[PDB]
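Notes follow the structure.
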Amino acid sequence: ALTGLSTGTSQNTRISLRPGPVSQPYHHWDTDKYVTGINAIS
Amino acid sequence: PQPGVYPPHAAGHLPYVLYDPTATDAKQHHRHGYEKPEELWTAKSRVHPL
Amino acid sequence: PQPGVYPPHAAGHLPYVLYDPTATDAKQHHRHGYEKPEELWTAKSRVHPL
Amino acid sequence: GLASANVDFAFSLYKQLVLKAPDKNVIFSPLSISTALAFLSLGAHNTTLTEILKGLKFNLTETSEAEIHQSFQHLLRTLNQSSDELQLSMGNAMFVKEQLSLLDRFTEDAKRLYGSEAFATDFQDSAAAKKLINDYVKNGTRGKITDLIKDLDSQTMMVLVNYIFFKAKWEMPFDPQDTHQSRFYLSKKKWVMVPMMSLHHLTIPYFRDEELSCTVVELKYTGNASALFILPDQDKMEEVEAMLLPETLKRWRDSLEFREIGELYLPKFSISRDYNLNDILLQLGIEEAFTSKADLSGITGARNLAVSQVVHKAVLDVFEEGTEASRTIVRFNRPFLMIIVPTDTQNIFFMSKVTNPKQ
Amino acid sequence: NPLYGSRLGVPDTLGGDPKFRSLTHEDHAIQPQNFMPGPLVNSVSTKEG
Amino acid sequence: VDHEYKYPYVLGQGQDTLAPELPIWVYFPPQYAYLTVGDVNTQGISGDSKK
Amino acid sequence: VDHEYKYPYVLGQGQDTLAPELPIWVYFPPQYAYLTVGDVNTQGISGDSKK
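Protein chains in written order, with the deposited numbering: chain A, 312 to 353; chain B, 505 to 554; chain C, 505 to 554; chain D, 48 to 373, 390 to 422; chain E, 254 to 302; chain F, 153 to 203; chain G, 153 to 203.
Written out as C-alpha cells, the structure reads:
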C-alpha cells in the first residue's frame, strides 16, 4: 500500500508526499552503508 | 588536490558508452551494451570550506 | 564522458594530504603522515582521436 | 586416503583456474570434477588409467582403482542418505557418439554405481546437438543451470557434462530485513555497489592468521557441512594463494576457535559460471585422453573414442537463509575465498574466489 | 497528466535493501509531488475536543 | 562536414572504399566505422581476449 | 589577511580566544586550527573509530 510521508483524511484515503521537501535527502551513502529514505523516488 | 570529478559508475562495466556485453562478464545484458549509471550523476564533487 | 582526471595513487592512503598515520591500517608510517604518490603525476588523462 | 587426494587435486585445479584467470570470479565443485574424472577413468584402459590416476595424486602402489571407485560410490551413497535439511545434487554424464555402439555393461555399471546415465547422441548437425544437450541438462535439474554448453564443433566425438547445485540453510541465517546496500572494494580505489547481509552478537569459528595475513571465518549449515570464508588483507590475496595448500587448510580447520564477533558482513551473491576443462586438464596431467589416443576401451571396446570437451558449471547460492531465499567487526568488502567442507572430514564440496559479487 | 504514469519509482519491498517499482497510471495515490502542502496547527473540527 | 576533425579520420589508409575510376559507374560510399582504444579482457578459461 | 575567505573561518564560535577585556592586559592570539571532513574508519579489532 502507501508508505512514507502522506497526507489525507484517513489511512485508506491519502496522497503520498514523496519525495518530501528539497531540504532533506532521500538516499545517500553512510559511513559503510547506502541508506535510502522511505520517501525516496528512483 | 580537490576530489576528482569521477564519471558515474554503472551496474555493469561503464555507463554512456556502447560496449559489447558478450566481451564483458557483467550481468547487465538486458541493456544490450549501452548502460546508465546506477547512481544519478550528481556533481558537487569539489569541496570548499565554510 | 572523458576519463576522469584521477589524482595519483599513493602507496598508503592518499598523497599530498597530511593525515594521522596511526588512524590508517597500512604499515606505511615511515613517511610520518605526509606521502607522495608511487606513480608520478603524469596527466594525459583526457583522450582525443588521431 | 581418498579425501586428502581429493583436496590436493582440488587445490591444483584451482591453481590452474587462477592461472587462466588471475582476477575473474572462480567457482567450481571439486567433488563434481572428482566424480566426473573417476567416471571417465571407469571407461579407460592401459596407460590412460595410469595418467588419469597420476592426476588427483593417487599412489597406485598402495591404492587400487577398484577401491577408489568403491570409496567414491560409498561417498555418493552417504550423500544421498542425507535428509532434506541439506542436499547436494550432482548429475554429471557423458554424451557418446551415436555412430558407435555404446557398451551395455558400461551403461549398467555407470547407472548402478555412479548413477550417471549415457545414451547415443545425434551429434550430427551439432546445432541440434546443442539444443538436445541443453534440453537434457534443463530437464535433469530443476532449472538452476541453462545454456551450459556454449558451442559444439562439427563432428565433435564425445562430450563430458558436469553440473551441480547446493541447497542448504545457515545455522545462523542472515536477516533479510538487515541486508544493506554497501560497497565492495575491487581494489584500493575501485568499488562496486553490492548488497551485503549482516549479523550481530553472534559467535562463530574465527581465526586471524598473523603469519599468513588473512582472516578465516566458518559458517555452519543446518546439515553436516559448513563453509569457510577467507578474507585476505588489501593487496595480499596473491600471497594467500601462493601459500595456499591442503596443509594450510588443515591448520585453518584445527585453528578455528569460537569468537564473539560484533558484526559480520557478507556479500549477497549467486555465482554461476561454466568452465571448459580441456586445456586446464591438459596442464593438470591428463593429456593422452584428449589427443585421439584415449584407449577408452571401457566405453565401447574399440579405442575409437577420446575426450573433446569437458564442461562443468557449478551454481551455488549465498543468500540470507541459504539457497533460494524467500567488538570484532568482519566486513567482506574485499575479494575473498570460499571453501565448503564437512566438519567430519576434509573434502571440498565447493570452492570459489569472489572478486566482483556484481558479477 | 492522468493518462501517463511517472518515470520515477517508489519502494515496493522495504528494509535495508529497498527494491523500487515503477509507477503506472492506476496508482494515483503514490504520484510524487513537486511542492508540499501548507502547515496545519490543530486544524481539527469541534467533534474532537 | 568534419571541418574541425572532431570524428576519427579513416581516409587515406588504402581501403577499398574509393570512388569508381570511370565516370560511367555509380559510387556506393562506404559505411563509416572507426577503431578506438580499450581494455583487453580475457574471455574466461580459453584465454581469448576482447578489447 | 584572509580577504577572500579562502581559509576556514573559526571566529565567532564562542571560543575562549578573545582579546583581553581590559586595556591593561596583553593579548595572546590563539593558534589557528580548523576542522574538516573525512572518512570514518573503524580501528579493526579494537572497535574504536577515527576520522
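Think of the CB as a built atom: it goes at the ideal place given N, C-alpha and C, for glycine as much as any other residue.
Top-ranked residue by Cα proximity to D/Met137, from D/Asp169, D/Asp70, D/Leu78, D/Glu257: Taking the first residue of the fourth sequence as 1, we reach residue 137 of chain D at position 90. Nearest option by C-alpha distance: D/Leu78.
Any Cβ of chain D within less than 8 Å of the Cβ of E/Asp270? In the fifth sequence, the residue the question calls residue 270 of chain E occupies position 17. For E/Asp270, the answer is yes, since a Cβ of chain D falls inside 8 Å of its Cβ.
So, with DSSP's three-state summary, where would you put D/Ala57? If you number the fourth sequence from 1, residue 57 of chain D lands on position 10. Of the three classes helix, strand and coil, the one that applies to D/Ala57 here is helix, per DSSP.
Residues that D/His227 contacts on chain E, provided the C-beta gap is smaller than 8 Å: Here residue 227 of chain D refers to the residue found at position 180 of the fourth sequence. By Cβ distance, chain E contributes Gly269, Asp270.
With H, G and I counted as helix, E and B as strand and the rest as coil, what does DSSP make of D/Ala274? Residue mapping note: residue 274 of chain D aligns to position 227 of the fourth sequence, counting from 1. Three-state result, D/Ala274: strand.
Verify whether the separation of the beta carbon atoms of D/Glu132 and D/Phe170 is less than 8 Å. Mapped onto the fourth sequence, residue 132 of chain D falls at position 85. Mapped onto the fourth sequence, residue 170 of chain D falls at position 123. It is not a contact, given that the beta carbons lie outside the stated cut-off.
Ignoring anything shorter than 3 residues or poking outside the segment 162-191 of chain D, list the beta strand (DSSP E) runs there in chain order. 166-168
Indicate whether the contact test is met: 3 or more Cβ pairs, each with one atom in the segment 539-551 of chain C and one in the segment 392-401 of chain D, closer than 8 Å. no
Locate the alpha helix (DSSP H) running through D/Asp326, then write down its first and last residues. Position 279 of the fourth sequence, counted from the start, is the residue given in the question as residue 326 of chain D. Start and end: 325-331.
Identify, in the order they occur along the chain, each residue of the same chain with its Cβ nearer than 6 Å to the Cβ of D/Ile74, setting aside the five sequence neighbours on each side. Taking the fourth sequence and counting its residues from 1, one reaches residue 74 of chain D at position 27. So the list reads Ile318, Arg320, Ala361, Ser415, once near-sequence residues are dropped.
Roughly how many angstroms separate the alpha carbons of C/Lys548 and B/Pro511, rounded to a whole number? Along the third sequence, read from residue 1 onward, the residue named residue 548 of chain C stands at position 44. Along the second sequence, read from residue 1 onward, the residue named residue 511 of chain B stands at position 7. Going by the C-alpha atoms only, they are around 16 Å apart.
Could you tell me whether any Cβ in chain F is nearer than 8 Å to the Cβ of B/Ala527? As a working note, residue 527 of chain B is residue 23 in the second sequence. It does; some Cβ of chain F falls within 8 Å.
Report yes if the CB atom of D/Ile327 is closer than 8 Å to the CB atom of D/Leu64, and no otherwise. Counting from 1 along the fourth sequence, the entry for residue 327 of chain D is found at position 280. Counting from 1 along the fourth sequence, the entry for residue 64 of chain D is found at position 17. Cβ distance < 8 Å, so D/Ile327 and D/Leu64 count as in contact.
Does the beta carbon of D/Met240 come closer than 8 Å to any beta carbon on chain A? What you label residue 240 of chain D is simply residue 193 of the fourth sequence in a count that begins at 1. Closer than 8 Å to some Cβ of chain A, the Cβ of D/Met240 qualifies, so yes.
With a threshold of 8 Å between beta-carbons, can D/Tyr322 be considered close to chain F, or not? Here residue 322 of chain D is taken as the residue at index 275 of the fourth sequence, counted from 1. Yes, D/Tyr322 counts as interfacial toward chain F.
Determine, using beta carbons only, whether B/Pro507 comes closer than 8 Å to chain G. Numbered from its first residue, the second sequence carries residue 507 of chain B at position 3. So, not an interface residue.
For G/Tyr179, which option in G/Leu170, G/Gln195, G/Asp191 has the closest C-alpha, if you only look at C-alpha atoms? Counting from 1 along the seventh sequence, the entry for residue 179 of chain G is found at position 27. Per the Cα distances, G/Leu170.
Please identify the residue among G/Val153, G/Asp154, G/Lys158 whose C-alpha is closest to the C-alpha of B/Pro553. Position 49 of the second sequence, counted from the start, is the residue given in the question as residue 553 of chain B. Answer by Cα proximity: G/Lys158.
Contact criterion: CB-CB distance below 8 Å. Does B/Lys531 meet it with respect to chain D? Residue 531 of chain B sits at position 27 when you count from the first residue of the second sequence. It does: the Cβ of B/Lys531 has a partner Cβ on chain D nearer than 8 Å.
Going by DSSP, which residues form a beta bridge with D/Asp364? Numbered from 1 along the fourth sequence, position 317 holds the residue referred to as residue 364 of chain D. D/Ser317.
Would you call C/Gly508 buried or exposed, if buried means 16 or more other Cβ atoms sit within 10 Å of its Cβ? The count along the third sequence starts at 1 and reaches residue 508 of chain C at position 4. So C/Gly508 ends up on the exposed side.
Of the residues that make up the segment 53-80 of chain D, which ones have a beta carbon closer than 8 Å to any beta carbon in chain F? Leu64, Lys67, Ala68, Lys71
Indicate the three-state DSSP secondary structure (helix, strand or coil) for D/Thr226 in the structure shown. Locating residue 226 of chain D in the fourth sequence gives position 179, counting from the first residue. Three-state result, D/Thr226: coil.
In whole angstroms, what is the alpha-carbon distance linking D/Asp222 and D/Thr193? Locating residue 222 of chain D in the fourth sequence gives position 175, counting from the first residue. Locating residue 193 of chain D in the fourth sequence gives position 146, counting from the first residue. Taking the straight line joining both Cα atoms gives about 30 Å.
Report the residues of the segment 157-179 of chain G with a CB closer than 9 Å to any CB of chain B, ordered along the chain. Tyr157, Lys158, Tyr159, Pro160, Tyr161
Using C-beta distances below 6 Å, list every residue in its chain close to D/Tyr161, excluding the 5 sequence neighbours before and after it, in chain order. As a first step, residue 161 of chain D is located in the fourth sequence; it is residue number 114 there, counting from the start. Same-chain partners within the cutoff: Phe86.
Between the segment 228-237 of chain D and the segment 338-345 of chain A, do three or more beta carbon pairs fall short of 8 Å? yes
D/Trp299 - containing beta strand (DSSP E), residue span: Sequence index remark: in the fourth sequence, residue 299 of chain D carries index 252 (1-based). Per DSSP, D/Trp299 belongs to no beta strand (DSSP E); it is in the alpha helix (DSSP H), 293-301.
Are the C-beta of C/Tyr510 and some C-beta of chain B separated by less than 8 Å? As a first step, residue 510 of chain C must be located in the third sequence, where it is residue number 6. For C/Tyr510, the answer is yes, since a Cβ of chain B falls inside 8 Å of its Cβ.
To which residues does DSSP link D/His359 through a beta bridge? Residue 359 of chain D sits at position 312 when you count from the first residue of the fourth sequence. Answer is D/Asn209, D/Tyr322, bridged to D/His359.
Partner residues on chain D for A/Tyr337, Cβ-Cβ distance less than 7 Å: Mapped onto the first sequence, residue 337 of chain A falls at position 26. Going along chain D, no residue has its Cβ under 7 Å from A/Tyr337, so there is no contact; the nearest lies around 14 Å.
Identify which residue in D/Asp256, D/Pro220, D/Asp342 has its Cα closest to the Cα of D/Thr370. The count along the fourth sequence starts at 1 and reaches residue 370 of chain D at position 323. Answer by Cα proximity: D/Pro220.
Given this structure, state the Cα-to-Cα distance separating D/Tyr210 from C/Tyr538, to the nearest angstrom. Against the fourth sequence, residue 210 of chain D aligns to sequence position 163. Against the third sequence, residue 538 of chain C aligns to sequence position 34. Distance between the alpha carbons of D/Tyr210 and C/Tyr538 is about 53 Å.
Whole angstroms is fine: what's the gap from D/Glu334's alpha carbon to D/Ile115's? In the fourth sequence, the residue the question calls residue 334 of chain D occupies position 287. In the fourth sequence, the residue the question calls residue 115 of chain D occupies position 68. Their backbone Cα atoms lie some 21 Å apart in a straight line.
Check whether chain C comes within 8 Å of B/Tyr520, counting only Cβ atoms and requiring the distance to be less than that. Stepping through the second sequence from its first residue, residue 520 of chain B is reached at position 16. B/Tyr520 counts as touching chain C.
Would the beta-carbon of D/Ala50 fall within 8 Å of that of D/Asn410? Within the fourth sequence, numbered from 1, the residue matching residue 50 of chain D stands at position 3. Within the fourth sequence, numbered from 1, the residue matching residue 410 of chain D stands at position 347. It is a contact, given that the beta carbons lie within the stated cut-off.
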